[PDB]
């Protein structure tokens, strides 16, 4: 009966009332309000695949002592400008962050680090901070849903997947808009289409018992 599976999934998608959705988000509005750099969890980690570890260490020591060895590689120019500015105490306008690569080599953003030293500029620099650096958003808002997405849900959203689950919500793409439905509606329409489903924490290539296995990429 697994041969009719694609047809049943199409029937499943067609059962939803897209005008009675919980909320809906245009993909364009999501890309305007959140650069991909500010969604992906890897932006919160030290940028070990972009800078040598010794260069990241040399930046932290420079930010601590505000004197001494400057890092070498010419890809540290902008992070050096940022670090020297905090040490010299000179100001960086919100337009400087809008111009930057946003992500600091030690993980997180320039804006969040700058707002930790100058908390009066927090609100104006919020658009340049990672979602995981911003305060807990109000329930039902786009930021709230994004902050509560695991890496797999974020990756599915960034890649524009036709559908993905995130917690207690189903995200369904119709055209260039995502429609959210609660899991009760998800399960009801899966029942009617003759479907069962599972939410994955990775891809599934080999199943043993009730365990889906996958190689991790890194």
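Numbering follows the first chain given and starts at 1. Under this definition, the rigid core comprises the largest set of C-alpha atoms superposing within 1.5 Å between the forms.
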Original post:
Rigid core superposed, root mean square over structures and residues, which stretch has C-alphas farther from this form in 4 other deposited structures of this protein, 55-63 or 148-156?
Top reply: 55-63
**OP:** Determine, for 5-13 and 206-214, which one has C-alphas that on average lie farther from this form in 4 other deposited structures of this protein; superpose on the rigid core first.
**Re:** 206-214
**OP:** State which stretch shows the higher mean Cα B factor in the entry: 84-92 or 111-119.
**Re:** 84-92
**OP:** Can you let me know which of the two, 20-28 or 192-200, has the higher average C-alpha B-factor in the entry?
**Re:** 20-28
**OP:** Tell me which of 98, 103, 75, 146 tops the list for C-alpha B factor in the record.
**Re:** 75
Subject >> From 40, 47, 185, 168, residue of greatest CA B-factor >> reply: 168
Subject >> Where the record places residue 135 (Cα B-factor, split into thirds across the chain) >> reply: lowest
Original post:
So where's residue 160 on the chain's Cα temperature factor ranking, which third?
Top reply: middle
Original post:
Which third of the chain holds residue 79 when residues are ordered by C-alpha B factor: lowest, middle or highest?
Top reply: middle
**OP:** Can you work out whether the C-alpha temperature factor of residue 150 puts it in the lowest, middle or highest third of the chain?
**Re:** lowest
